[PDB]
Structures are given as C-alpha cells and as structure tokens.
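Next come structure tokens for two forms of one protein chain, structure 1 first, structure 2 second.
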Structure 1
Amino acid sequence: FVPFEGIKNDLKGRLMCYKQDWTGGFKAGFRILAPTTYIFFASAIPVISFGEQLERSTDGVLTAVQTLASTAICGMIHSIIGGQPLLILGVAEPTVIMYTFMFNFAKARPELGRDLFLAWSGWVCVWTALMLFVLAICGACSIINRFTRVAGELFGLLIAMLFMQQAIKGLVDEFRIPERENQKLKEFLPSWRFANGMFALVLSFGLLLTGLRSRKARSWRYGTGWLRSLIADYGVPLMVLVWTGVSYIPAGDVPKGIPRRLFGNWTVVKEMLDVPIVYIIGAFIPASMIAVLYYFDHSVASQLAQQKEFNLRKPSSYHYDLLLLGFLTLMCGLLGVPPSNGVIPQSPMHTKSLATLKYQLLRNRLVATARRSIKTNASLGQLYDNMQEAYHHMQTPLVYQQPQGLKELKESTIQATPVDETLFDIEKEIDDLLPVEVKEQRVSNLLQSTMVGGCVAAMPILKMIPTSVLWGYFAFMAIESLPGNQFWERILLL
C-alpha cells in the first residue's frame, strides 16, 4: 500500500505490449468483426434500455443519447489508453438507480430543482473522481486479489438476477398502461393491451429461444462449415433483425403502436458554479456511495474477464484502470452524461468471444497445414511437428509469458491408428489438441465503441425495434451471466 506504486507498475507492464496490441488487432482482417458485432449488440441494447428508463425517470433530462454517448466516448478512450482493453465500459444498472435517487432528491429541493440537476450530478462526479484517485494512488485495489472466486461468482449471480428481473418487469409492463402516454387511445384499450402483452411474450420468447439455439450452431451435422460458423457468430444479431421483421407482419390489421417500439453531448460547467455551497459539500455522501460501488464493480468486472482458465499472456492494470476511471468520471460529470464503468457480463462475454475467434483461427490454420502435410509425407509425428511449427509461427512474440503450445497427442489416438486417412480424421482430432487462448488486442473494443457512438446518428433505424426484443435480449444476457460458473454448477448439483 505504497503511494503510486501499483499505478507505475501497471503502466510499466502495459507500455511494452501497446504496439503489439494494435498490430495484433490489425493482424486479423475482417474476421475481427464477429466478436465486435456480438459485443456491440450486447453493449448497445442494455444501454438503450437504461436510457429509456432514465428518460422516463428524469423527466427528459437524460435520454438514450446521453447513455450511448457516455458509453461510446468512455469506451474509445479506454480502448486507446485504457490498460486492460478486455474490459467493456458502459452505464450499469446501479448507476441508473443512484442517478434516479439523486434526481428524486434534487426535484424536491427548491434550491436545486430540475434545471440544476445535471450540475449537482457533476459535482457528485467530481467528488467521486477525487475518491477514485485517492483509492488508486494508495493501492486500495490490492484487496481485489484477496477476494476469491466466490466473491465474483456471487456478483455474477446477482447481476444475472437483476437482468432477469428487468426482463420480467418489462414483459409485465407490456401488459399495463404507461404513465406518460395519452390514456384515451385505440392502442391502449384493455383488449389491445392484452393483445400487446401476448404479442410481446411471443416475440421476446421467440428471440430468446432462437438465439439460445443458434449459439450452438457449430456443433450441427447439417449445412456447410461456412454457414455453421456464420450462424454461430451472427445468430443473435440476425435473430434481432429477424424478429424485428416478424413484428411488422401484422401491421396491416393493428393500431399504430402495436407492438410498442423504442422511441452528441454538451457542457454543464457554466451552471455548475450556480449550485449553492451547501450541496457541493453534500455531494460527498452520494459520491462516497458511488465511489465504493465503482471501486467494487470496475475491479470485479476486470477480474471476471481475466479468469485463469483463459491463459492470458498480458498483465493486469487494476490501479491504473481505477485512476483512468476517476478521470473518465470527472469528464462525464463535466459533460453532463452518466459515468461509465466496467460492466458484466459484457466483459467476460468479450473475453469468451475473443477466445473463440483465436480458436477458430488456429483450427483453420492447423487443418490447412495438416491437409497440406497429408499429401506429401504424413508420418503422424512429422505432421504433428508441422502443426506445432505452424502454431508457433502464428503466435505473437511477447516478453511476459510463452505460448501454451499444442497439448500431447493422446495415447488412445495413436493406438487407434505414413498415416492412413481413412483411420485418421482431422476434424475429429484437432479439437483434442487445441489449448484455450485469447486474441488480446484493442481494435475490437475501439470498433464496438465507435459503433455504439454511431447508434446516436442511427436513431431512425433504432425506432423500428420493439421493446419485447429488448426484454428477450435481457433474458438472454441474464442466462449469459451464469454461463456455467462453478457456483451455479454447485447449486445445480444441490
């Protein structure tokens, strides 16, 4: 717990894999788009829902534009100078709850009111940034190492329950009347309300089930490998588009709003000095709560994306990441947008998608090399050496760790068997000798953040998405927030 020690160590570690990060990201060509698109959807949909929730709960002060811009800018800055580019930054539910509490507090004060809410929030963000700077400088993130696997599994389960509760609440609200829309409307009759609720159930469950099914496309006996990979990669975005199209089928026999549909930044510094100084000090309290929450969430989200099972080859940056989070919180407060923060399950989902990308790249390369070798000599031990050489050649040269390397050829595999091709199937055998590796780089995070930003200018296209799609996706992400963690497995076994 020495001042500035952790930050300096983290910077030392990360500054020697920076150009490597960028060149590795560019090494993959357009194949980097699949994880990028997957994480872009996973980041944009919850943020848009949170933006709608804040617009309803803040009388139009904060909308989806602000949440999207915060997510995009914070993500881009973290991608370029972050320290741990696996982390995905976004506006989380606890932030929404705290901002709702703050808005409710400020609406009941004649001194603050509604036209000074953003300025008071900015002062809260200044206090939070100061607290985060103090915590990072003192190495308070060292206690993160102490928290064990259960301390992260419980948080994952809590986030899963929160996402499921959000999905169920959205589905139930599809059955009720909104508190802001015109009450005397054709689309809001009890019969049409029941119809809307049932249609939303159909669409949400259809999206959930089809996406969960298409997530297993690669392990199918039908179709071609190209089509199987395309489905396994883009099924959830494709399902979003397909169920959006399905929602338009009955449009010739229903009222306008059946089903219900969805719908830069500025500065608040000038009016930030108009807040009386009894609430600038009073911002310390919600600032303390938000600082503790962010200290916990950023760290746990970063460590859940850095599981030992992924065999990552680059160091962690907990202290430096917390310092940068302080800076980003200060910037977001000055810009009048809610702060971003490391979020789950987006971060582990990003890590898993990158691991899958590396696995597929390696499988393609090794299959090609094995097929090339089968024709020439194919001695089954000289071909394994060729595959090992290709694996080593593909890898990126670093200084910290070394590539895991292909694992041992199983005794049963050799006992079963130049090499006879009838008795040695490459597709069956490659999977048995591929390690778990992650394609670590900064390009996927940067592109996902830029896409989230461009969603700001793509609002008319976003106007065509029903909210049932959002609730189905929230359920899909809640299930993704327990992708087979040890704690959930143990609960299943009991």
Structure 2
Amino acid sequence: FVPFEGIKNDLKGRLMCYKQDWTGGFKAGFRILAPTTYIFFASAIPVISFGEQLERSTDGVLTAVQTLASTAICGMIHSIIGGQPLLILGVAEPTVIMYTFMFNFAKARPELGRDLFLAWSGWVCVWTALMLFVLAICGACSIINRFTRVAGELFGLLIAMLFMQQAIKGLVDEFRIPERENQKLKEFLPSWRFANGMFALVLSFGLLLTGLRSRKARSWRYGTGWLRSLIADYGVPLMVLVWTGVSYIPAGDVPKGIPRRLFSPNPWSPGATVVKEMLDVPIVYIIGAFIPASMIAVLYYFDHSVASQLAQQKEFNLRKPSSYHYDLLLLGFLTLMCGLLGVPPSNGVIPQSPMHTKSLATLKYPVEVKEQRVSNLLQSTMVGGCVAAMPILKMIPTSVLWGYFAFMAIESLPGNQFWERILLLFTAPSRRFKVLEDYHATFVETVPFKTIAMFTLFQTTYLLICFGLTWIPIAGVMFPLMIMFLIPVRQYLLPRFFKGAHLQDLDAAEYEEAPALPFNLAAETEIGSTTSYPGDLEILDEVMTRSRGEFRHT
C-alpha cells in the first residue's frame, strides 16, 4: 500500500505496448468494424434508455443528449490515454438513481432549486474525483480480490429489480398525461390515452419476447450461418427498428402523439459548462455534497474494478498487464470533467466490457484476443455522433425502451448463482432431481440443501433491505454503503456461521458447473433422494400426440 506505487507500475506496464496497441488495431483493417458495431449497439441503446429515464426523473434537465455526450467523451479519453482499452465506459443505472435522489433533494430546498441542481452535481463530482484520487494513490485497488461473488450477484439482482420497476413505471405512465405537456391536446384525451397505453403494452412485450428469442439464434437449424450470427448479435437493435416500423403503421389514422415517442429534445434546434453557477451555491451545500459523493465513489470503485476484472479474465490469455490504479485515477479525472460540463459521469459497465473482449477473441485450433485501442475509440465516436442523429432516435417509441428495461432485467438472471439458489429455494423438494437432470452448479452436489437455503435466505434478506432502502426519499442514497458492507461481513461474520468449504463453494471466485446426471445417479444423491414416481396422466402426456392423441412408439 505504498503511495503511487501501483500507478507507477501500471504506467510502466502500459507504456511498453502503446504504439503496439495502436498498430495492431490499424493492422486489423476494416475487419475491426464488426466488434466495434456490436459493442456500439450494446452501449448506445441502454444509454438512450437511461437518458429518457433521467428526462422523466429530472424534469427535463438531463436527457439522452447528456448521457450520450458523457459516454462518448469518457470512452474516447479512456481509449486514448486509458490503461485498459478493453474496458467500456458508459452511464449506468446506479448513477441515474443517485442523480434522481440528488434532484429530489435539490427541488425541495429553495436555496438550491432546479436552477442550481447541475451546479450542486458538479460539486458532488468534484468531491467524488478527490475521493477516487485518494483511493487510487493509496492503493485501495490492491484488495479488489475481496469483491467476491456474493456482493456482485446481489448488486446485479438489485439493478435487475430497479430495471423492472422502471419498466413498470414507464408503462403505467404511458396511460397518463405527462406532467410538462399541454393537457388540451387531442392525443391526451382519455380514449387516445387508453389506446396509447395498450399500444405501448403491445410494443414493449413484442420487443422483449422477440429479443429473448433472438438471443439464441445461433443454435437454430434455419437460415444461413451469417444470418443466424447477425440475429444473435443485433436482435436488440433489429427488434427496436422492427417495432418502431410497426408503431408507424397506423400513423395516418391517429393523432401525432400516438404512440408517444422520445421526449428528449433535439439539440440542433435553437431552443436547446456550469462553473459560473458552481460559485453561487451556498458553502453549506458545497460541504454537504461530500455525502452523496462518497456513495458515488464507492459505487465507481466497485463497478470499475469488477468490470475490468471480468474483461481481464485469465481464460482470455491476455499478454498485457493491468492498470487498476491508473484507471481509477483517470476515472476520477473524467468524473471531475463531466461534473464541470454538466453531464452525468460514466464508469465501467457490465456485461459490455466482457462482451467486447469476447468480440475481439478468436480460437486457434486456445483463445487469442486482439487487444487494441481502435474499437473503443470508434464505438465512443459513434455514440457521440448519435447525438447528431437525435431526430432519427426521436422516432423510437418509449414503450420499446421500457421493454428494453425489462429485457436487461431478465438478461441479468441467467448466469447469476443467487437467482439460481432462489429458484432452488422455491423448488419443490420432490422435484430437485429435475434440477440434477441438467447443467447445475457444483454446490448443489457438494453442499447440503439446508446450508444453501440458509445462505440464500440471508442474501435475499439483505437484497430486500437494500431495495426497500432505495425507496426512502433521502436515506435511499446510502445503498452503496450496504453493498460495501458485504465485504467485511463475508470476511468475518459468515465463517462463524458457515463451515469453510461450504462458503468457498457458495462464494467461489470461479463459476464451477457440473454436467447432467442420469436418473439412476440422480436418486442416490441426498438432494434427489425424495424422488416421486410420475402419475398416469403425466406418463400418457409424453407418449400421446397432442394434435390427434396418437400413441408414440419408440
């Protein structure tokens, strides 16, 4: 923990491969565009959704323009002078939540008001930048190995709950009159409002289901290989386009605002730095900005490091070193810059960074990764240029973005062991052999069910407490502290209540999986020892055709 040692080591390591980082990207030629486009589409749409969320939550002060600008600028700067170019930067949901809390606080205090919200946010960002500078200089990133699975999975599930909550919020509001819209317009009559709500439901559910189906296109037996890969890679943008086109079908027989589209304004229109107002903020609020700044700093310290770790998995066989400390220092600088510019800060995002690394990976028949700084720069520049295309983006209905919120919420589940343990907890005792009949985690076999249930119950109680805390108007800005507390809890308290190898299996740094077992071997296990024989109708369901009731002979 010697000051500046980590930064110096990271700079020394990354300075011997800079020219190579650029030349290798240039040597790839036009073939570097496919990963670039894939990651650009993976990054832009969630940023636009977060921008719309902020527009609804900040009374129009912050919109998709600011989120896109922050993402683009931070990504380009990180690509040019950052340590780990594989890391993808963008505006994340926790930042949106914290800024919503800050806006709610500012609006209720006349001394600040809506006019000084951005200035107070800039002071908050200054404090956060100082905190990140201190953390990077003191080598606090040397203990990221303690960011274990429990905290990461709990945070992921919490963000999934927030995503689904926002989706429900938006769909409900689609049935209502917007707060800052002319109430006398024809589109806001009860009949047209009801029609807009139902159309929003249709579009959102179509987007969600079609994207979920498209995610597994490469396993299909239909079409060409290139078409299957294209669908599996770009189903989200493709489905967004398809459902926008669907939304435009009745355009001629309905008012202008049916269905509702993005509220974010076009910056090109004449109607449309905050350091000048930062001076007008009272000193008391400048000092008090330390409070949310610490929470934002904790959030960034966790998320940046976790995303970089995931992007730098040993299975990728990366030949270049890591830059955790210098990356955190640069994140502090970027947060300061974004706070001064009046845009929300950006940080490492998941699963965008590992997806980028995967897109840059090939198998030599054994993983080889094309690591360079060109793809990140190009995708950030495209995200920035999307601002110039705001008129085109404004054609997207908001219901599609709410459906995308639900899509991310559901897509956070698959690889999450906490979710799987919850499902096992709510699984019937007599049907756990079904769990053993497919791919399953190793702790299912190597740990008793009672210990798993107890661990899952503790984790679920913690998660629900944090989610409820998020609902408190002011104290809800403190949930990063609860997330951080899981480190010392796991390190000290859990070993008292849990026996070693059990914690190691339930809190393993590696995702361990086991193959499906035969029915005979699934009953000798303790967990599957209570198997129950199938009923007559259950048996007949499988041996008879549903179309005509024909007996199947095998």
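Residues that one form lacks are left out of the comparison. Rigid core (definition): largest C-alpha set, two forms, superposition within 1.5 Å. When a residue number appears, read it as a position in the sequence of structure 1, where counting begins at 1.
Listing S347, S79, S316, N196 as candidates, which single one shows a C-alpha movement of 2 Å or greater between structure 1 and structure 2 when the core is held fixed? Everything else stays below 2 Å; the exception is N196.
After a core superposition, would you say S142 shifts its C-alpha by at least 2 Å between structure 1 and structure 2? Not so; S142 is displaced by less than 2 Å.
Is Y248 among the residues whose Cα moves by 2 Å or more between structure 1 and structure 2 after superposition of the rigid core? Yes, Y248 moves 2 Å or more.
Aligning on the core only, does the CA of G113 end up 2 angstroms or more away between structure 1 and structure 2? After core superposition, the C-alpha of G113 moves less than 2 Å between structure 1 and structure 2.
Rigid-core-superposed Cα shift at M459 between structure 1 and structure 2, Å: Value for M459 between structure 1 and structure 2: 1.2 Å of C-alpha shift.
Upon rigid core superposition, what is the positional shift of the Cα of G13 between structure 1 and structure 2, expressed in Å to one decimal? Shift of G13 at C-alpha, rigid core superposed: 0.2 Å.
For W488, CA displacement between structure 1 and structure 2 after the core is overlaid, in Å: Displacement of the alpha carbon, after core fit: 8.0 Å.
In sequence order, what are the runs of at least 3 consecutive residues whose C-alphas shift by 2 Å or more between structure 1 and structure 2 once the core is aligned? Residues 145-263, 356-359, 463-494 form the runs that move by 2 Å or more between structure 1 and structure 2.
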